[PDB]
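To start, the structure under review is shown below, and the notes come after it.
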Amino acid sequence: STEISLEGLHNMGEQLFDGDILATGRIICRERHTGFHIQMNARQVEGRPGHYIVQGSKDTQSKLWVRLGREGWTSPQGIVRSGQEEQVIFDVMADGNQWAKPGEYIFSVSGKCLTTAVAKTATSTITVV
(Lines give C-alpha, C1' and ligand atoms only; values in the text may rest on other atoms or scores of the structure.)
Protein backbone atom coordinates (compact mmCIF):
# COMPACT_ATOMS: atom_id res chain seq x y z
CA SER A 1 0.00 0.00 0.00
CA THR A 2 2.66 2.49 1.15
CA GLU A 3 6.39 1.95 0.53
CA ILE A 4 9.24 4.46 1.04
CA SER A 5 12.90 4.39 0.13
CA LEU A 6 15.83 6.74 0.67
CA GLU A 7 19.23 6.55 -1.10
CA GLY A 8 22.41 8.48 -0.21
CA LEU A 9 25.12 9.63 -2.65
CA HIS A 10 27.57 6.75 -1.87
CA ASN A 11 31.99 9.73 -0.72
CA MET A 12 31.25 13.23 0.65
CA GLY A 13 33.82 16.03 0.99
CA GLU A 14 33.87 18.31 4.04
CA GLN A 15 32.73 21.48 2.26
CA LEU A 16 29.03 21.54 1.35
CA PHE A 17 27.21 24.11 -0.76
CA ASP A 18 23.58 25.27 -0.52
CA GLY A 19 21.30 22.96 -2.48
CA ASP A 20 23.80 20.09 -2.71
CA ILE A 21 21.75 16.92 -2.90
CA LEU A 22 22.88 14.55 -0.14
CA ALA A 23 20.20 11.89 -0.46
CA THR A 24 17.19 10.99 -2.60
CA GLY A 25 14.03 9.01 -1.99
CA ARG A 26 10.60 8.09 -3.28
CA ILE A 27 7.20 7.34 -1.77
CA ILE A 28 4.97 4.82 -3.55
CA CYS A 29 1.20 4.81 -2.86
CA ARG A 30 -0.81 1.98 -4.43
CA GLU A 31 -4.18 2.73 -2.88
CA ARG A 32 -6.28 5.82 -3.76
CA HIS A 33 -4.79 9.07 -2.46
CA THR A 34 -4.95 12.86 -2.88
CA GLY A 35 -1.34 13.45 -1.83
CA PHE A 36 1.78 12.63 0.17
CA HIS A 37 3.15 13.54 3.59
CA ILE A 38 6.86 13.48 4.42
CA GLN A 39 8.88 14.33 7.53
CA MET A 40 12.44 13.80 8.69
CA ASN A 41 13.06 12.27 12.10
CA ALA A 42 15.59 14.89 13.15
CA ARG A 43 15.46 18.13 15.13
CA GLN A 44 13.63 20.78 13.15
CA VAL A 45 14.85 24.33 12.73
CA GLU A 46 12.65 26.56 14.93
CA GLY A 47 9.34 27.37 13.23
CA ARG A 48 10.56 26.24 9.76
CA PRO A 49 8.96 23.03 8.45
CA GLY A 50 11.21 21.16 6.00
CA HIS A 51 14.46 22.34 7.62
CA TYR A 52 16.44 20.11 9.94
CA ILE A 53 19.58 19.66 11.98
CA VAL A 54 21.02 16.14 11.64
CA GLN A 55 23.54 15.11 14.36
CA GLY A 56 26.61 12.85 13.97
CA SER A 57 26.37 9.10 14.63
CA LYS A 58 29.31 9.00 17.08
CA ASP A 59 30.12 12.71 17.54
CA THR A 60 27.04 14.49 18.96
CA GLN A 61 28.72 17.83 18.29
CA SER A 62 28.81 17.22 14.50
CA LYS A 63 25.72 18.85 13.00
CA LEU A 64 24.45 19.03 9.45
CA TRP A 65 21.95 21.64 8.33
CA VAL A 66 19.70 20.15 5.71
CA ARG A 67 16.37 20.74 3.97
CA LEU A 68 13.75 18.52 2.34
CA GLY A 69 11.75 18.97 -0.84
CA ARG A 70 12.22 18.94 -4.60
CA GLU A 71 9.18 20.27 -6.47
CA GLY A 72 5.83 21.26 -4.89
CA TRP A 73 5.95 20.64 -1.15
CA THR A 74 4.39 22.95 1.47
CA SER A 75 3.83 23.65 5.20
CA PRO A 76 0.52 22.24 6.54
CA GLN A 77 5.51 19.43 11.86
CA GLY A 78 6.12 17.83 8.42
CA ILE A 79 5.67 18.97 4.82
CA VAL A 80 3.05 18.06 2.20
CA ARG A 81 2.60 17.55 -1.57
CA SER A 82 -0.54 17.03 -3.70
CA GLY A 83 -0.97 14.33 -6.33
CA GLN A 84 -2.90 11.24 -7.30
CA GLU A 85 0.05 9.72 -9.20
CA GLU A 86 1.65 6.54 -7.92
CA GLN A 87 4.92 8.08 -6.66
CA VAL A 88 6.89 11.23 -5.82
CA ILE A 89 10.60 11.94 -5.72
CA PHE A 90 12.08 14.00 -2.88
CA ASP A 91 15.55 15.29 -1.98
CA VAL A 92 17.52 15.93 1.21
CA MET A 93 19.76 18.94 0.59
CA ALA A 94 22.50 20.90 2.28
CA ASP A 95 20.81 23.93 3.85
CA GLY A 96 23.21 26.83 3.17
CA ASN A 97 27.00 26.54 2.73
CA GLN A 98 28.72 24.65 5.55
CA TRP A 99 31.82 22.74 6.59
CA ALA A 100 30.81 19.33 7.94
CA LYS A 101 32.95 17.58 10.53
CA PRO A 102 34.01 14.18 9.16
CA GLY A 103 32.01 11.13 10.22
CA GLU A 104 28.67 9.46 9.70
CA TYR A 105 25.24 10.98 9.34
CA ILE A 106 22.04 8.93 9.34
CA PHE A 107 19.12 10.45 7.43
CA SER A 108 15.79 9.05 8.60
CA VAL A 109 12.56 9.92 6.81
CA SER A 110 8.92 8.86 7.31
CA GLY A 111 6.05 9.10 4.80
CA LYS A 112 2.24 8.83 4.71
CA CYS A 113 -0.24 8.67 1.82
CA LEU A 114 -3.06 11.22 2.17
CA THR A 115 -6.68 10.00 1.97
CA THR A 116 -5.51 8.12 10.71
CA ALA A 117 -2.79 6.74 8.38
CA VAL A 118 0.22 4.46 8.95
CA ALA A 119 3.69 5.78 8.09
CA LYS A 120 6.67 3.77 6.86
CA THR A 121 10.28 4.85 7.60
CA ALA A 122 13.41 4.67 5.44
CA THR A 123 16.99 5.49 6.39
CA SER A 124 20.24 6.19 4.58
CA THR A 125 23.73 6.90 5.86
CA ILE A 126 26.20 9.46 4.53
CA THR A 127 29.91 9.54 5.37
CA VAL A 128 31.79 12.85 5.37
CA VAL A 129 35.38 11.94 4.56
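Numbering starts fresh at 1 for the residues of each chain in the C-alpha coordinates, the chains themselves are lettered A, B, ... in the order given, and ligands are numbered from 1 as they appear.
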
Give the strand (DSSP E) residues of region 54-123 of chain A, as assigned by DSSP on the backbone, as a VMD selection string.
chain A and resid 54 to 55 63 to 68 79 to 82 87 to 94 98 to 99 103 to 114 120 to 123

Skipping near chain neighbours, those fewer than 3 positions away, what residues fall within 12 Å of region 27-38 of chain A using only C-alpha atoms, listed as an MDAnalysis selection string?
chainID A and resid 1:6 24 41 49:50 67:70 72:92 108:115 117:122
